[PDB]
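Asks: Here it is: the structure, laid out below.
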Amino acid sequence: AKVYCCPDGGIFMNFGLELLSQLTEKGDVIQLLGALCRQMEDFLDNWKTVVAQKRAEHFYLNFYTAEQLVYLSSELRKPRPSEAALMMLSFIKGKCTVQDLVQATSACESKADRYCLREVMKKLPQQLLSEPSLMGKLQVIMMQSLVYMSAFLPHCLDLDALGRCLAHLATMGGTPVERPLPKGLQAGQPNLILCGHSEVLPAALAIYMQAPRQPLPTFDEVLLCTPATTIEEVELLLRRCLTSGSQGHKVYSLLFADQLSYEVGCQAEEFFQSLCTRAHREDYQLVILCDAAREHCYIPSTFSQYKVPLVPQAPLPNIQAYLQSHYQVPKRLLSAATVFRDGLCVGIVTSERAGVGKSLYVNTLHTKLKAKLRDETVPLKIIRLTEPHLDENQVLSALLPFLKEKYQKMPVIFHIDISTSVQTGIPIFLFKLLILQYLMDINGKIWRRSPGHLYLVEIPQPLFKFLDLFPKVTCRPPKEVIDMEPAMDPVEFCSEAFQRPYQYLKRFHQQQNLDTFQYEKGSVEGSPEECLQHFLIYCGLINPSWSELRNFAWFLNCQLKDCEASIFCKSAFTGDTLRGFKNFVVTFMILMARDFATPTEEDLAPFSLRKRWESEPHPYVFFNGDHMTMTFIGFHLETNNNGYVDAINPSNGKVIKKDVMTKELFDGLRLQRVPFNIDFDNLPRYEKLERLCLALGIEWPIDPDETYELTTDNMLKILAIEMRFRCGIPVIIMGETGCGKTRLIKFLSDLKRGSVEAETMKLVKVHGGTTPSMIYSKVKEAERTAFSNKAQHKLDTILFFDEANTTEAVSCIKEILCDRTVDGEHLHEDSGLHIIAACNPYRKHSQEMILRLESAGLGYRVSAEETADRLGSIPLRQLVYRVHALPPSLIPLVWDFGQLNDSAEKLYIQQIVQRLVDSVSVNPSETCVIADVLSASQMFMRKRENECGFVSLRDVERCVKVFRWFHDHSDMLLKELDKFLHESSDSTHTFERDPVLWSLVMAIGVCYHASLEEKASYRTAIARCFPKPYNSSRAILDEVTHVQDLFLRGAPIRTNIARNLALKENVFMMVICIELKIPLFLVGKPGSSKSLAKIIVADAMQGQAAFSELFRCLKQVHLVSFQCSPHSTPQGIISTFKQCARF
Ligand SMILES: Nc1ncnc2c1ncn2[C@@H]1O[C@H](COP(=O)(O)OP(=O)(O)OP(=O)(O)O)[C@@H](O)[C@H]1O
Ligand SMILES: [Mg+2]
């Protein structure tokens, strides 16, 4: 429609149909629009009564919603309907091919209908021309469309012809379904059951188990109610239950029918009342199951008259035998199920603890299926599910572009992974896909589970009782197989990476020398049982995973591989006496593997289980790139009194693995000049860089930042990071915001690239709004730039996810670190790309700050009991960092950067001070006063255990930005302050002021002093650091009150105003945090003069139109406001920031 707003403009109207003409009327357009709206409203009512009548008189039209009926009306008249429509029609017939549908549409029409609509199409134009105005012609078109619709649309079936085609398909694939009710339930009324939330789904599996050897139900005959279940499919279930036309007797269940909304339940019960008044069958097996702890909701409190005192309950191995009997795919079908437990079509691969066998079990079955069915083209779809509240629309959207194509229908394995963070959607999804066999978009396509694929679901472990219903694989750790139940996979056993450590630790366990052994690449006679037990001896863990034994074996593989490719084996061959060396190599790499491959409130207890810090021994021996040398660090070698050489840690007499090497080997390493027993703190910078780049394998070093200190701890951290993604272990690091993790990783990347300006480190700031799509896209584009950097410069690339813990998509990061996968597709091993993840520690605020935050203004809106933002029982408001739970298999991989030390804290504060407010003209003495004052503020705030950021150097860089603003304006602010103090005070407050010292007092007032509540303590702590005029708390206090009075006097004058300290503070902070674009958050009681400060600031902060000379030198402010309701969408906040950017 087009509507002309002109005087005598009118309405133009165009149905997109070839037998209708364009309608056009002129006149006053408001009455035309009113008449047109009334007419289309009446037509909407008529259409709703017509479609209700057509659904009442055609049964099988009730399987489908309105949009699904539109899709099938569009598609069945087409000569080759889409496979989505045939999936949708395989619930009426089953195995519905295109020829059955040709027969069903051809056996549907009669010729009387044809020439009746031909008479209508030849009668209609004379009937339109008899109506003069557009209302009359339109009324004729709408009435003829109601009664005779297929004439207007000669390419879609109307609901009559569609309903007859569906009822004709239903008769072709016969053998209907006959189900009896269980005893206790009557077969002519509702049957209410109240049974408790963990019993609704197995009790339903009793009601259908009373007729075994009958196929399992589907989206008809069972509706799983949910909140945000619409009224349409509830009514469609009631239509399918309370109408005649069916061929068998079926049950019709509303499961969880108290989960429905109030409106949906009210509409559902009055629609049930309407369908039981008008016309129905008196055989309706309507069974309703509600949560018995939720009887107050509208469906059980309404239908409590038809309440059954008994709850049907079948035993567990009966339901297991029932579902396994229906999952038993027969032979000669060419299924993917053949390689599961002799054709079982549905699995659950589960475990108790992570990192054991689950994805390896699925990939093992996949190679088994490729080997049995003689093709390498069998697809394995991996559907990663990571969001909490499992969305079936995601699984459905991953299934539709796969398998509606009819291409490799006979084998497909689907690998549906539920991660550990999917806490609130699981049994409904598994009940629909694995038992009810479908997934549905109610305005779209309907998926059915094909008996002929293999849907393997991988779930970690109220839910354990449900998961026992299915044919379940339980994977075990290597300790729990060798006693209860070969455990080691035969492909991994004959792998090279499990074979060098096994063929070395086998010769090492019985004390054989290793003088003339170079592994001879190819599998030894070992068994995987003895391979497993030789790895279980030397790992040090008492109950390891398989991730941990793989990490142990890969570390020893990389170290012994570098040991075989050095000069020392051949030098012991030539010189004939260096023997005993490889025993030393094996013993020391067991020490290093103890460091790397191993670890080891009630809710923060598994995550704050950092039993070790960086303040622990780190004895490292590396072999260099392909050099003739070694690299010893983190330990010294001292001679024991019993004839051997022991390894101790530096600056401490504490032995670490006594008797690693004898005097003969130690003297032989003296004679070969290896760098053993060398201090790394009393050396200059070039020699430290030489030792790093000899250990890191960098030829021709170039120092990227000579200010970054190479203390021996940073040496050990760089060698730890480089070793972990040298051997293949994931790198995830738990540090705070203050530790130099990103600076160390930037130093490592810039040291390794040397001089090329190619982008090597890409830092990704993970935050709470980081969706999985961002992580997936960033990892695959970083992999593209990784391939480009390795092709051009032969250079490795690092992708650093900083604070990769604060999103609920942290499972995605586990996917990229542990099992090397981006949303299903594999990462490339020859790419050259190393993902580092960093995470925040999991500590809780002090109870003083928790009771302070709860009492800030009003309360919180949502209390700490009803808060859905939680880790365990702890709300995230009370945690110091807003972190979510680490996925297991990443807990045994995190390790600790050290926290910070004051020598390399004050030096970084001095670098920030000399960088941003640089000493071009301040002083050197004044910059060390600034640096000492900021250091005193940071060490003040650390001497109370309650700060949310764990205040860092970013706050210090912000605070010298505040200082730089005040110093660039301490030419007119001090003049205007002198005017104000001469007008309104005595001669005491009239001295001349130092614009560097004054601006430091003001930066302290804005940054640190305003936020605190114990301000006198902070002023006395910081007054021990200033020079002469501000040595007291009184001096800093009255100085900042003079300037708060100054900014409030420069505002337009107010009377009858609460001119207290709170208004002065709010106006002062608001002016300055607007000028510097620091975000400010004011919270108080609802009469606290913080709205008054907003009006005063916006009034005073005009650019040249301001009242005073002070605010005429500041900026001009335009405010855009947005009031946050509790039902506020995040699109409104984005809209307001874009509106400010437009201004
Ligand atoms: N039986 C085995 N023998 C040798 N190695 C194994 C075995 N099982 C697993 N692994 C190793 O464990 C590593 C991780 O195991 P996998 O990813 O299959 O466990 P998962 O159960 O999928 O872990 P998660 O619980 O995190 O999903 C794999 O790289 C594999 O090499
Ligand atoms: Mg897995």
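First residue shown is number 1, and so on along the chain.
Including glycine, each Cβ sits where the backbone N, Cα and C put it.
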Asks: For the ATP site that Swiss-Prot gives with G355, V356, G357, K358, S359, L360, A487, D489, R550, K814, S889, which of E405, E458, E926 also belongs there?
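Replies: Matched candidate out of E405, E458, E926, per Swiss-Prot for ATP with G355, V356, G357, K358, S359, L360, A487, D489, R550, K814, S889: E458.
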Asks: May I ask you to report the DSSP-based helix, strand or coil state of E458 (ATP binding site)?
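Replies: For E458 (ATP binding site) - judged by DSSP and reduced to three states - the answer is strand.
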Asks: So which binding-site residues out of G355, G357, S359, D489, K814 are up against ligand 2, CB under 6 A?
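Replies: Those binding-site residues that pass the cut-off, since their Cβ is under 6 Å from ligand 2, are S359.
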Asks: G355, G357: which of these binding-site residues has the highest Cβ count within 10 Å of its own Cβ?
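Replies: Result for the most crowded candidate: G355.
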Asks: Could you list, ordered by sequence, which of these binding-site residues: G357, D489, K814, have a Cβ under 6 Å from ligand 1?
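Replies: Among the binding-site residues listed, those whose Cβ sits under 6 Å from ligand 1 are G357, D489.
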Asks: Go through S359, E458, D489, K814, our binding-site residues, and report the one whose Cβ sees the most other Cβ atoms within 10 Å.
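Replies: Counting every other Cβ within 10 Å of each candidate, the maximum falls on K814.
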Asks: If H, G and I count as helix, E and B as strand, and all else as coil, what does DSSP give for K814 (ATP binding site)?
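Replies: Where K814 (ATP binding site) sits, the three-state DSSP reduction gives helix.
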Asks: Whole number in angstrom, please: the longest C-alpha to C-alpha distance across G355, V356, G357, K358, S359, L360, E458, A487, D489, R550, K814, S889 for ATP.
Replies: 25
